[PDB]
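Pasting data34.tsv here (TSV, C-alpha atoms (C1' of nucleotides)):
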```tsv
chain	number	residue	atom	x	y	z
A	1	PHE	CA	139.12	113.51	109.65
A	2	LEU	CA	139.13	112.52	113.31
A	3	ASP	CA	135.90	110.54	113.00
A	4	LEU	CA	137.49	108.72	110.06
A	5	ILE	CA	140.43	107.90	112.34
A	6	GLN	CA	138.07	106.41	114.91
A	7	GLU	CA	136.26	104.37	112.26
A	8	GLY	CA	139.62	103.06	111.08
A	9	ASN	CA	140.36	102.03	114.65
A	10	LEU	CA	137.04	100.16	114.62
A	11	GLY	CA	138.06	98.35	111.44
A	12	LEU	CA	141.40	97.59	113.08
A	13	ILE	CA	139.87	95.92	116.14
A	14	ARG	CA	137.65	93.95	113.76
A	15	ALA	CA	140.57	92.80	111.60
A	16	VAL	CA	142.78	91.82	114.53
A	17	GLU	CA	139.80	89.93	115.90
A	18	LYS	CA	139.91	88.06	112.57
A	19	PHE	CA	143.71	87.78	112.11
A	20	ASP	CA	145.94	84.80	112.74
A	21	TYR	CA	149.61	84.14	112.05
A	22	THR	CA	148.57	81.38	109.62
A	23	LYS	CA	148.89	84.00	106.88
A	24	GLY	CA	152.50	84.06	105.73
A	25	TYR	CA	152.76	87.86	105.60
A	26	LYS	CA	152.88	90.93	107.83
A	27	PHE	CA	149.98	92.69	109.52
A	28	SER	CA	150.07	95.61	107.08
A	29	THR	CA	148.74	93.50	104.19
A	30	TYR	CA	145.86	91.89	106.10
A	31	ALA	CA	144.62	94.71	108.34
A	32	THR	CA	144.69	97.37	105.62
A	33	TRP	CA	141.89	95.60	103.73
A	34	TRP	CA	139.58	95.82	106.75
A	35	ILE	CA	140.62	99.41	107.46
A	36	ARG	CA	139.73	100.28	103.87
A	37	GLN	CA	136.41	98.47	104.31
A	38	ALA	CA	135.52	100.35	107.50
A	39	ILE	CA	136.47	103.76	106.11
A	40	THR	CA	134.54	103.13	102.88
A	41	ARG	CA	131.46	102.00	104.82
A	42	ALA	CA	131.60	105.06	107.08
A	43	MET	CA	132.08	107.44	104.15
A	44	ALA	CA	129.11	105.79	102.41
A	45	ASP	CA	126.82	105.71	105.46
A	46	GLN	CA	127.24	109.00	107.39
A	47	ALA	CA	128.55	111.44	104.77
A	48	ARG	CA	125.35	112.89	103.27
A	49	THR	CA	122.57	114.53	105.25
A	50	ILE	CA	119.89	112.93	103.07
A	51	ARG	CA	121.33	109.45	103.48
A	52	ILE	CA	121.73	107.35	100.33
A	53	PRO	CA	121.95	103.53	100.51
A	54	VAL	CA	125.26	101.86	99.79
A	55	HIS	CA	124.38	100.52	96.34
A	56	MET	CA	123.25	103.93	95.15
A	57	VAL	CA	126.34	105.44	96.80
A	58	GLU	CA	128.71	103.33	94.74
A	59	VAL	CA	126.54	104.14	91.73
A	60	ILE	CA	127.13	107.86	92.37
A	61	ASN	CA	130.87	107.52	92.83
A	62	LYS	CA	131.28	105.32	89.75
A	63	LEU	CA	129.31	107.82	87.67
A	64	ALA	CA	131.37	110.71	88.99
A	65	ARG	CA	134.73	109.09	88.30
A	66	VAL	CA	133.79	107.85	84.83
A	67	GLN	CA	132.37	111.28	83.96
A	68	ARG	CA	135.65	112.85	85.08
A	69	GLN	CA	137.46	110.37	82.84
A	70	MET	CA	135.21	111.40	79.96
A	71	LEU	CA	136.06	115.06	80.57
A	72	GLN	CA	139.78	114.28	80.74
A	73	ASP	CA	139.75	112.23	77.53
A	74	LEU	CA	137.28	114.04	75.26
A	75	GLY	CA	137.69	117.47	76.81
A	76	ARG	CA	133.98	118.21	76.30
A	77	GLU	CA	130.63	117.46	77.92
A	78	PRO	CA	129.59	114.05	76.58
A	79	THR	CA	126.09	113.48	75.24
A	80	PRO	CA	123.66	111.91	77.72
A	81	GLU	CA	123.37	108.83	75.51
A	82	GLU	CA	127.17	108.53	75.47
A	83	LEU	CA	127.37	108.59	79.26
A	84	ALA	CA	124.45	106.15	79.35
A	85	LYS	CA	126.43	103.80	77.11
A	86	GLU	CA	129.70	103.94	79.03
A	87	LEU	CA	127.62	103.32	82.16
A	88	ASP	CA	125.36	100.96	80.11
A	89	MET	CA	122.30	102.31	82.00
A	90	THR	CA	119.49	104.34	80.40
A	91	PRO	CA	119.39	108.16	80.23
A	92	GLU	CA	116.46	108.17	82.67
A	93	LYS	CA	118.52	106.41	85.32
A	94	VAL	CA	121.30	108.87	84.47
A	95	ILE	CA	119.25	111.96	85.29
A	96	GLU	CA	117.86	110.14	88.34
A	97	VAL	CA	121.29	109.35	89.79
A	98	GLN	CA	122.53	112.82	88.87
A	99	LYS	CA	119.73	114.38	90.92
A	100	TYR	CA	120.19	111.92	93.80
A	101	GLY	CA	123.79	113.06	94.34
A	102	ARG	CA	123.27	116.69	95.35
A	103	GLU	CA	123.95	118.28	98.75
A	104	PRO	CA	121.80	120.53	100.96
A	105	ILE	CA	122.60	124.25	100.94
A	106	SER	CA	122.41	125.97	104.31
B	1	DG	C1'	153.22	137.37	150.68
B	2	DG	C1'	150.42	140.39	149.12
B	3	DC	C1'	150.94	143.78	145.92
B	4	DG	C1'	151.91	145.02	141.56
B	5	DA	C1'	152.52	145.10	136.94
B	6	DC	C1'	151.72	143.13	132.99
B	7	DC	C1'	150.12	140.11	130.42
B	8	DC	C1'	147.11	137.94	128.70
B	9	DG	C1'	142.66	136.34	127.91
B	10	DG	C1'	138.40	137.44	126.97
B	11	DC	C1'	134.63	139.40	125.70
B	12	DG	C1'	132.09	142.76	123.77
B	13	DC	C1'	130.74	146.37	120.87
B	14	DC	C1'	131.11	149.30	116.81
B	15	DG	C1'	123.88	153.14	114.20
B	16	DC	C1'	118.58	152.91	111.70
B	17	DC	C1'	115.57	151.65	107.70
B	18	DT	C1'	115.66	150.88	102.06
B	19	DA	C1'	116.62	148.62	95.88
B	20	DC	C1'	118.59	145.09	93.52
B	21	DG	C1'	122.55	140.02	94.04
B	22	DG	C1'	125.28	135.09	90.92
B	23	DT	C1'	126.76	131.23	91.26
B	24	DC	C1'	130.29	125.37	92.03
B	25	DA	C1'	134.56	122.06	94.24
B	26	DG	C1'	139.34	116.47	93.11
B	27	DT	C1'	141.46	109.00	95.42
B	28	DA	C1'	137.57	101.44	95.50
B	29	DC	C1'	135.54	97.32	94.41
B	30	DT	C1'	132.89	93.22	94.03
B	31	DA	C1'	129.77	90.00	95.78
B	32	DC	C1'	126.16	87.84	97.96
B	33	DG	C1'	121.88	87.63	100.14
B	34	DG	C1'	117.47	88.57	101.79
B	35	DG	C1'	113.62	90.74	101.27
B	36	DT	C1'	110.64	93.61	99.48
B	37	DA	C1'	106.96	97.04	97.10
B	38	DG	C1'	105.49	96.66	92.87
B	39	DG	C1'	103.61	93.77	88.78
B	40	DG	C1'	99.98	90.76	87.84
B	41	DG	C1'	93.63	87.84	88.75
B	42	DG	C1'	90.09	86.60	90.98
B	43	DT	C1'	86.46	87.36	94.53
B	44	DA	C1'	83.18	89.40	98.00
B	45	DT	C1'	80.66	93.43	99.11
B	46	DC	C1'	78.52	97.77	98.51
B	47	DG	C1'	76.12	101.33	95.26
B	48	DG	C1'	73.20	102.63	90.96
B	49	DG	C1'	68.70	102.66	87.32
B	50	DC	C1'	63.05	101.01	86.45
B	51	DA	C1'	58.85	100.46	88.92
B	52	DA	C1'	57.09	99.57	93.37
B	53	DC	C1'	52.68	100.36	96.44
B	54	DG	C1'	50.66	103.34	98.75
B	55	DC	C1'	47.03	107.33	99.69
B	56	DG	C1'	42.77	111.08	99.17
B	57	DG	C1'	39.43	113.54	96.97
B	58	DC	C1'	35.83	112.69	95.16
B	59	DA	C1'	33.15	110.13	92.60
B	60	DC	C1'	30.53	106.83	90.94
B	61	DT	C1'	27.26	100.94	90.77
B	62	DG	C1'	23.57	104.44	92.13
B	63	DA	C1'	21.21	101.36	96.17
B	64	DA	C1'	18.53	102.11	99.56
B	65	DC	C1'	16.24	104.47	101.65
B	66	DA	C1'	14.02	109.19	103.49
B	67	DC	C1'	11.29	114.15	102.46
B	68	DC	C1'	8.02	116.61	100.91
B	69	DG	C1'	4.56	116.73	97.01
B	70	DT	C1'	0.75	115.03	94.99
B	71	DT	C1'	-4.43	113.23	93.01
B	72	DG	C1'	-5.21	108.32	94.75
B	73	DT	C1'	-9.47	106.85	97.76
B	74	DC	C1'	-13.29	107.03	100.02
B	75	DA	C1'	-17.36	105.85	103.85
B	76	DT	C1'	-19.49	109.32	104.86
B	77	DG	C1'	-21.76	113.96	105.11
B	78	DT	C1'	-25.32	118.58	102.61
B	79	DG	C1'	-29.25	119.72	99.26
B	80	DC	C1'	-33.23	118.74	96.45
B	81	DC	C1'	-37.37	115.74	95.42
B	82	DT	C1'	-41.02	112.54	96.60
B	83	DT	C1'	-44.23	110.74	99.87
B	84	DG	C1'	-46.03	110.50	104.82
```

Can the structure from this file be put into structure tokens for me?
Amino acid sequence: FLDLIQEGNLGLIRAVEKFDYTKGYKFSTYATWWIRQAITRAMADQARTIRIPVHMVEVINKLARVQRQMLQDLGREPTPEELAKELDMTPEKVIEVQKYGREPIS
DNA sequence: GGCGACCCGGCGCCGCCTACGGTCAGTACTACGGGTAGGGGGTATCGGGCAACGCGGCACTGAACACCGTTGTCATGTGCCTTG
């Protein structure tokens, strides 16, 4: 949590370096975008021991959330081809990404 | 003011080996952009199958000489007959 706070501070100094009053709004609408950017980058870059690249990271999170949506809607484990279709990828890429998203066990 | 309690911290330990043990966890997104390790073809260099060309024993063209062996040969010596 506290490292996330520091990374948000980093995004804040970045955003205020790139803010001007020309925008006809408050700070809270401009800075928050860059804070979100910095936190997302940190969570994608230094979260996993076996580091994944950013593109694969968003692949993992998209797969996880859409799979959770499938479970919520259908209430059953969807067929691999079904998940492949909602993702539009192939089943081979599906098993690949599923294996790439594990965590080390101590 | 140093003692004194007490108070707390603070640690530190709590005995030796042996069989097997069962599993799973929630809230971004796109977009570009470079740059690649992988997909291709074509080329230069090194790495295989048949003959290569030696050698050597001996062996023959036997040729040309050598080594005994031999009956060629013979001008020159004994024995009998005729005459001094």

Per-residue nearest contacts chain A to chain B, cut-off 10 Å, using all atoms listed in the file, as a tab-separated table:
```
residue	atom	partner	partner_atom	distance
A:36	CA	B:28	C1'	8.7
A:37	CA	B:28	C1'	9.4
A:40	CA	B:28	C1'	8.2
A:58	CA	B:28	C1'	9.1
A:61	CA	B:28	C1'	9.4
A:62	CA	B:28	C1'	9.4
A:65	CA	B:27	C1'	9.8
A:68	CA	B:26	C1'	9.5
```

Go ahead and write the selection's residues with C-alpha atoms as a PDB file, keeping the file's coordinate frame.
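Below is the file that was written, again.pdb:
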```pdb
ATOM      1  CA  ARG A  36     139.730 100.280 103.870  1.00  0.00           C
ATOM      2  CA  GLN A  37     136.410  98.470 104.310  1.00  0.00           C
ATOM      3  CA  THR A  40     134.540 103.130 102.880  1.00  0.00           C
ATOM      4  CA  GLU A  58     128.710 103.330  94.740  1.00  0.00           C
ATOM      5  CA  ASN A  61     130.870 107.520  92.830  1.00  0.00           C
ATOM      6  CA  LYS A  62     131.280 105.320  89.750  1.00  0.00           C
ATOM      7  CA  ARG A  65     134.730 109.090  88.300  1.00  0.00           C
ATOM      8  CA  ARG A  68     135.650 112.850  85.080  1.00  0.00           C
TER       9      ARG A  68
END
```

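Taking atom CA of residue A:70 and atom CA of residue A:83 as the two end points, the separation is 8.4 Å.
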
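The space between atom CA of residue A:104 and atom CA of residue A:50 spans 8.1 Å.
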
Could you work out an axis-aligned box for stretch 54-57 of chain B, taking every atom the file lists and adding 5 Å on each side, and report centre and edge lengths in Å to one decimal, as JSON?
```
{"center_x": 45.0, "center_y": 108.4, "center_z": 98.3, "size_x": 21.2, "size_y": 20.2, "size_z": 12.7}
```

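Computed from the coordinates, the atom CA of residue A:63 to atom CA of residue A:93 distance equals 11.1 Å.
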